[PDB]
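FYI, side chains are in, hydrogens and waters are out, and symmetry mates aren't considered; it's all heavy atoms of this structure. The sequence lines fix the lettering, A, B, ..., with proteins before strands; numbering per chain opens at 1.
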Amino acid sequence: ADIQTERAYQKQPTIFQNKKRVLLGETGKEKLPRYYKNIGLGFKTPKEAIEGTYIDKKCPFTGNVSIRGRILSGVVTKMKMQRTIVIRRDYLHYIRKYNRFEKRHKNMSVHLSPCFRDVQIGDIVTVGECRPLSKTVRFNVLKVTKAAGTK
Amino acid sequence: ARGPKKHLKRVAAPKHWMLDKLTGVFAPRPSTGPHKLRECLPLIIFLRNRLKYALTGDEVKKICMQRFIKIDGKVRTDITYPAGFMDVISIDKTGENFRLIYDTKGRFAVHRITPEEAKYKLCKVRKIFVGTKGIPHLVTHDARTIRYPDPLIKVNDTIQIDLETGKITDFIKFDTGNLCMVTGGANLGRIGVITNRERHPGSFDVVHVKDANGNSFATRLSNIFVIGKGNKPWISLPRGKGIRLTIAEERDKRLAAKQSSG
Amino acid sequence: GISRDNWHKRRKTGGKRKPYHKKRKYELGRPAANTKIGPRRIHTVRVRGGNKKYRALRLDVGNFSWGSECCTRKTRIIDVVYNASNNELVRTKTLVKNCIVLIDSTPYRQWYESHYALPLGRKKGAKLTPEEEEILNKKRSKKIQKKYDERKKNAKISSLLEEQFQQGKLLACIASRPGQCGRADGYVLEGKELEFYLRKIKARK
Amino acid sequence: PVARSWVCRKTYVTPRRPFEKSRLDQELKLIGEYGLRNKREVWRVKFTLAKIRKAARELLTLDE
RNA sequence: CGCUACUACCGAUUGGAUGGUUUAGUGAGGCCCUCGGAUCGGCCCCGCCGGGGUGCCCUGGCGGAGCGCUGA
RNA sequence: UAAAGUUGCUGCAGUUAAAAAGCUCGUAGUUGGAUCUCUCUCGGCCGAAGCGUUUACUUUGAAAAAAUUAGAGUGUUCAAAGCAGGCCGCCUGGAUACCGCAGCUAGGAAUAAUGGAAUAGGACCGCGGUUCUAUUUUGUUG
RNA sequence: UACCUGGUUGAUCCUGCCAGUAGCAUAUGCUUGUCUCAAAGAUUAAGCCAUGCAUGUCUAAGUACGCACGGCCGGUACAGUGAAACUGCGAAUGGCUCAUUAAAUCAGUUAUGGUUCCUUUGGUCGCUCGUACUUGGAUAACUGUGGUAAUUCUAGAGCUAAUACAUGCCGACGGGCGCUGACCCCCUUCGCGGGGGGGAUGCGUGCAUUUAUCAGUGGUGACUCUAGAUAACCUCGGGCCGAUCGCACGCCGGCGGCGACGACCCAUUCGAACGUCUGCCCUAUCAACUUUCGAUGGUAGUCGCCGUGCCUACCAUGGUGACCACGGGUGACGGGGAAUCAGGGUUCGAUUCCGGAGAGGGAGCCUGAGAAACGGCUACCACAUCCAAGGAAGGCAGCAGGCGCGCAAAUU
Ligand SMILES: [Mg+2]
Ligand SMILES: [Mg+2]
Ligand SMILES: [Mg+2]
Ligand SMILES: [Mg+2]
Ligand SMILES: [Mg+2]
Ligand SMILES: [Mg+2]
Ligand SMILES: [Mg+2]
Ligand SMILES: [Mg+2]
Ligand SMILES: [Mg+2]
Ligand SMILES: [Mg+2]
Ligand SMILES: [Mg+2]
Ligand SMILES: [Mg+2]
Ligand SMILES: [Mg+2]
Ligand SMILES: [Mg+2]
Ligand SMILES: [Mg+2]
Ligand SMILES: [Mg+2]
Ligand SMILES: [Mg+2]
Ligand SMILES: [Mg+2]
Ligand SMILES: [Mg+2]
Ligand SMILES: [Mg+2]
Ligand SMILES: [Mg+2]
Ligand SMILES: [Mg+2]
Ligand SMILES: [Mg+2]
Ligand SMILES: [Mg+2]
Ligand SMILES: [Mg+2]
Ligand SMILES: [Mg+2]
Ligand SMILES: [Mg+2]
Ligand SMILES: [Mg+2]
Ligand SMILES: [Mg+2]
Ligand SMILES: [Mg+2]
Ligand SMILES: [Mg+2]
Ligand SMILES: [Mg+2]
Ligand SMILES: [Mg+2]
Ligand SMILES: [Mg+2]
Ligand SMILES: [Mg+2]
Ligand SMILES: [Mg+2]
Ligand SMILES: [Mg+2]
Ligand SMILES: [Mg+2]
Ligand SMILES: [Mg+2]
Ligand SMILES: [Mg+2]
Ligand SMILES: [Mg+2]
Ligand SMILES: [Mg+2]
Ligand SMILES: [Mg+2]
């Protein structure tokens, strides 16, 4: 998978990839070291992020983002943007005059890392709050759980 | 509102000052200082409302401008100086020393201390950071930074500071079984032994504390102040020994005192 | 004047937002510092909090780092050859962050010839005028010559950098923000980044 | 802003039916027997008793 | 159908009056950039030079001129 | 505003008083039949760790401006108020409750949703393999 | 106090409204002896304003050659009181009002591991190897010549200060540490050669700034955090590394105690500014909206105190909606709260506390830590003042007060 598709050169800023190498240690390529971080709160780092090659500065595991504040869950409704998806959060709002609830929802645009592959319309995503990534995106997908009847 | 605010409405002042409603529109508005505005006792309130040494604000100013009041061993001529928890107020002309200790009902009590005990104080540690060629630094709840602290001293611990020099003399580690006072919230002013601390990563930690009478109560970690090692406090406690009476037993005690009076 | 507020923008649903206050001073913006190549001209800006931003209008000198050799030197900025954002920036020779620039290679060649005692970027005429013959061959004690011979075993430069040294100009990336700090610093391109930008530059023309 | 207090109460309430024989007679009996100035004094005492009864009724429904 | 009054509608009139949005053009004023250079200096040069060493220069204090060199 | 159960959640009406679509299908919405009685590792028997599918619900705990409201004390001469005051320098207050919803917290598991094996794309025991990899080796070096 | 009563009929029982009943707020009428609290130009006109006042400020400790007083002694540079003026600070708080504003404001809850912060408080301030027993030029006050019808308008001339403007050392200072490596020594090896030392001469050096690289003191749930090492950089529109004042006076020929100002940086306090989650009235005779001039997302940058379509270039075609989007209306600033109320509810909240907005309407700025400030400035629009007709000066939704509007509201 070629990772150079923009006008600029895509690269993890922390990793230095031009270290001098003698010809005796030139067994193909050096297998460019991968930068990854362990986000806390008991979330495992996907093996894809560790062993991947994608460049994503908004990735919670390989990019420059900090998970802080609220951790929420939603259902994936649309995946038509690049590296970001639209999830749906449903809830019941109480009305005190009638002592009864009404069904409400709100969509949320959340950044989805390339480390989560095979995400389908319908699965559950645990997202975590971060700094503003775009005009409307303030959350990053931290965990993906499949639907109840997946193959 | 452009720029900082300089006034404080009397009804908007913190309730533990015990300010009335009809004396004026405004309140003393504590100056910026080592203690937060909501958690301090301005010098004027203590010197006029509490001790009744002065009748008006001008008399408080006249008292302070003769350099009679010392807060933690230093002369303070600012009448709105924020004096807060564990501060030592010394008046040598009349020869008394007070320590600002929360009462059981969450108010700064007039607590007189001996001059031997007025030479030190206890400070909670807020953070530890290394700077400037690998020199460690401690920051206390009193906004004083101390370089070269003991490597064992960690956050949420308590250090005994010699007021004359400003150096650490000993410390208490934050651990279960150590005596503590609650410095904020519903249980403010209560004294008890730490029983258990539950950690919630990314959120606030809750500390459970058991009184000397067997009562238990929870607080947030930021509301806990280690007072003594084990059951013995390192300072003198106010007349109420940190235990909270319910309104029923308070009424019974008041009635017994009334009956025994005369 | 120039504003950076979020309330003049439409809502995520596409509806218009009616402003509830007029433009505030803390939302201001300022005209761009289209830094050019030329004799140094830098203006200072008094910014929020009373601090200072340095607004570089003209620059001709930068501090660039050869990462593989860890050799940082102050060199002369020559030309702008690539810009990933706009082509008019290359056309007008504007120094911004991440712009590809040609920097003079003389200090790096001097450091290489003084540290490895091996020629770099030299033609085959072999002039080697004095004080360069000395810096390249010299006479040294057995220990010093042994140390230099030990160095020579791991002194091999990539062919692309060797070609650039022959030309006298290296490709570098600007990692600083000239319009904010008044400085055009960066690093000498090498490795796969150098190949990528060489291919991009060739395809651009 | 001023340094004044505005807490105040009405010490009485007025009856909903203005003219009824039994209430008027009972109030007049109380006025004559206790030398009261008007019916507002009767209604004031009635209001204090009503507040006391309301507090007691609130307390009764609570657990012993 | 006839008598009196009121309300409302359609309104021919191509209604006006007020306000609010915009197309196109013009565009005060500030701010930024590129210039500009009225003036005011300093160094230098001399007539002028206080004295040190000794006529002898290392510094005062003037006048004259240099699109001299620079700064504002 | 109450009276108005004449806006009806509590709690109204629709044969004849005003009122059920001409009839059927049908997306969203609303509602939906029985059934199922915590441990393996770490540190000093406990403290720790998960995770039991997730909750809703219920109870508790924390955090939650003052004023206002409720309310404790207190003879403003009484009262509306106030936060004062009492004793022959002392003594004593300036309480307490309440604060939807959402968000934290820890118990309960009835009720109500939700899942767990039916191309075995099953659980547990041992096996064997395949690959990569962190350190044991080891006064030391090596 | 969980309440009803009159009215359709010749009479009856219903449905059903009209009317009665009580409270609460505004106005108004008649009446009014005492006393304690106490609202008060919100509604209509965020309409218009005469006049006066509403923000100024000095200690022992920045600058005193005003005899303006007063010396004590009279050459004791400067006694003291001290107007003025320069310097510094404040004027961004407070007060007023409710026009705008409909997920906006605001409320509760969280975040800044994404920023700024005068001041107070504590730390740091010989850590840097490079005339000082004190540097330079002005300017005000003051003294004198003035101009204009007119302003808190100012010009020319003559002096003179600094904690205003600038400039600029000594010292600690001996070195240490990186690099360099003329040379010298020891060792082994016949020897070569290898190994180990000492070293002259050169470049650099501290904390802040910018970039790159290396290793992994303390910390976090999580840093690309903190600290460390290396190569450099370090803006003429410059970063810190004291040319400052007062009071006591001393000791051993030099050292010094209290303070006050100032200062880069860190922390602290007071904040502020963006965000997270949930919550708002009526309306479908508003059903599709946004996207060609950013709408939604990606990459690189610009600008900004910072995170961000905030803006630009190039890409992708997205983003919201019957769970009511978008549009319209509101006699809509939002809350804490208020009236009424058996229980449930309905209505009110311009109004003294908190938050927001505005200063006739828009817009743009200076200074400052902090305004897009209006009892600051610059324009245009609408009003409007003085004028000698050339020009000058405006902003009561501050306190009083006037006009106007009105059913509707107080003392220059
Ligand atoms: Mg204000
Ligand atoms: Mg946190
Ligand atoms: Mg600053
Ligand atoms: Mg135009
Ligand atoms: Mg212009
Ligand atoms: Mg009603
Ligand atoms: Mg009823
Ligand atoms: Mg009915
Ligand atoms: Mg019918
Ligand atoms: Mg039918
Ligand atoms: Mg259906
Ligand atoms: Mg069922
Ligand atoms: Mg409250
Ligand atoms: Mg009360
Ligand atoms: Mg709750
Ligand atoms: Mg009939
Ligand atoms: Mg009849
Ligand atoms: Mg009626
Ligand atoms: Mg009546
Ligand atoms: Mg009288
Ligand atoms: Mg008013
Ligand atoms: Mg008005
Ligand atoms: Mg002044
Ligand atoms: Mg100040
Ligand atoms: Mg100021
Ligand atoms: Mg300080
Ligand atoms: Mg002059
Ligand atoms: Mg960016
Ligand atoms: Mg983007
Ligand atoms: Mg564009
Ligand atoms: Mg309005
Ligand atoms: Mg409202
Ligand atoms: Mg209001
Ligand atoms: Mg109004
Ligand atoms: Mg207000
Ligand atoms: Mg404003
Ligand atoms: Mg007006
Ligand atoms: Mg303005
Ligand atoms: Mg005004
Ligand atoms: Mg103002
Ligand atoms: Mg007025
Ligand atoms: Mg009238
Ligand atoms: Mg009136």
**Item:** G/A227 and G/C233, which share atom name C1', separated by this distance in whole Å
**Value:** 22 Å
**Asked** Under the 3.5 Å rule, do the base of G/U235 and the side chain of C/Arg183 count as making a donor-acceptor pair?
**Response** yes
**Chi class for F/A34: syn within 90° of 0, otherwise anti** = syn
**Request:** Please measure how far the P atom in G/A107 lies from the corresponding atom in G/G271, and state the result in whole Å.
**Result:** 15 Å
**Asked** Counting side-chain heavy atoms from C-beta on, which of G/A212, G/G275, F/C83 comes nearest to A/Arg138?
**Response** G/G275
**Item:** Stacked pair C/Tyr54-G/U235, distance under 5.5 Å, angle under 30°
**Value:** yes
**Prompt:** Can we call G/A359 and G/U36 a base pair, counting Watson-Crick and G-U wobble only and needing both distances under 3.5 Å?
**Reply:** no
**Request:** Record whether the side chain of A/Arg68 comes under 3.5 Å of the base of G/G114 through a donor-acceptor pair of N or O atoms.
**Result:** yes
**Item:** Side chain A/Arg70 and base G/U109 donor-acceptor under 3.5 Å
**Value:** yes
**Message:** Among G/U320, G/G279, F/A67, which nucleotide has an atom closest to any side-chain atom of A/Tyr91?
**Reply:** G/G279
**Request:** Ignoring hydrogens and angles, state whether a donor on the side chain of B/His16 or B/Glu39 is under 3.5 Å from an acceptor on the partner side chain.
**Result:** no
**Among G/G370, G/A231, E/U34, the nucleotide that comes nearest once only the side chain of C/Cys70 is considered** = G/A231
**Complete:** Assigned chi class of G/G362 under the 90° convention is syn
**Request:** For the nucleotides G/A400 and G/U32, establish whether a Watson-Crick or G-U wobble pair is present, both distances being less than 3.5 Å.
**Result:** no
**Request:** Quote, to the nearest angstrom, the P distance that separates G/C305 from G/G370.
**Result:** 10 Å
**Asked** Who are the side-chain contact (heavy atoms from CB on, under 4.5 Å) partners of C/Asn86, not counting sequence neighbours?
**Response** C/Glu88, C/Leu89
**Message:** As a test of reading the structure: which of G/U268, G/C353, G/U119 is closest to the side chain of B/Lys127, going by heavy atoms?
**Reply:** G/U268
**Asked** Nearest of G/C303, G/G94, G/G298 to any side-chain atom of A/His111?
**Response** G/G298
**Request:** Please evaluate the base of G/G368 for a donor-acceptor partner in the side chain of C/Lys25 within a cut-off of under 3.5 Å?
**Result:** yes
